[PDB]
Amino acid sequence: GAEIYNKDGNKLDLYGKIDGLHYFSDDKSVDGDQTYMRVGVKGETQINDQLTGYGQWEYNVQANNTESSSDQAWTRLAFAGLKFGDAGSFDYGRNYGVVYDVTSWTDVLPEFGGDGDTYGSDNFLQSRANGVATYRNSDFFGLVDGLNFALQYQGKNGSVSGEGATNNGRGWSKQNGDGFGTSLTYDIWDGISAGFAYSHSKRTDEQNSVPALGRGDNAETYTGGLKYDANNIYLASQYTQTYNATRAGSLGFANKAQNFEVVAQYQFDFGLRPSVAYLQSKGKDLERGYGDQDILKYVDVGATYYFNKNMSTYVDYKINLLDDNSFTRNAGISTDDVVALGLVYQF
């Protein structure tokens, strides 16, 4: 919310939040203060009757470290686009890959869930990504109400230097080759929705040489999801099968992985919203003797109290079901439980 400018067919929306947040956990890399804020601008300009231009920026600013600390802020989203009425829309920038058009349905926990769990950011087209061109079509050309599809292309984001480089190089875990993806979602009834998404990306030579885990020329995802949202009830599930595309912690990628998320929530009238969820990620055919391994496994219980549209408080309890083993230690995968308390101002 927060329209700070609306004049002569041009609109500007300032949005964000300040999330005062603490984690409690035996895992010392997670435990402690997690206060952060987000700030963003959504902009819109009417060009003619049939054509609207738009842009959006969203910035994450950590506030949990010192004034001399490093790397405390980063861009989540930055894209510009055109909306052609009901012929669709096109934008290019740092945006969400289309797979999240479906997996977002289970990304509604009070605090945990979403990117960092069964998938991450800069993880092919599974979450936020550098350099995505995205075509979106609403209601199948104004014909079939509730039917949305999207087509997406991502250019190579390669190594810092050497043969595989681009200008915007990173480490292997956040690299991609050329890739594409597609999503499709349908509101079969009101309240009920189904969705599919697919993605295919080339992998880079660094991804196939530097880490010990994961080999193949191509990274692929296949996703199906369901969602019930009505009568103060929210149910959703997401099942995703991946090839060479799911991080096996710090050790590389899983040659194959199966990811599952399900969540159930109720919204009481006085503002309380309890939540229970289950998330797992099962990795298959890992090298170096790892074989089949749990990448992620937890039950999640929590609640959010909404004071109003601008202020809320919440607790979330991640009940970790992973067994501590040599895979979890070497890959840096947490096996401890975590409680989160937070107080949030939003604008």
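Sequential numbering from 1, following the sequence displayed.
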{"property": "Average Cα temperature factor in the PDB entry - higher stretch of 158-166, 98-106", "result": "158-166"}
{"property": "Stretch with the higher entry mean CA B-factor, where the candidates are 326-334 and 18-26", "result": "326-334"}
{"property": "Top residue by Cα temperature factor, when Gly179, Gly81, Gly131, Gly271 are compared in the entry", "result": "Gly271"}
{"property": "Residue of maximum C-alpha B factor among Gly113, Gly93, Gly171, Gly146, per deposited coordinates", "result": "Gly146"}
{"property": "Position of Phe260 among the chain's modelled residues by C-alpha B-factor, lowest, middle or highest third", "result": "middle"}
{"property": "For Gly43, the third of its chain into which the C-alpha B factor falls", "result": "middle"}
{"property": "For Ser281, the third of its chain into which the C-alpha B factor falls", "result": "middle"}
{"property": "Record-listed C-alpha B factor of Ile319: chain third", "result": "highest"}
{"property": "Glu58 - which third its CA temperature factor falls in, relative to the rest of the chain", "result": "lowest"}
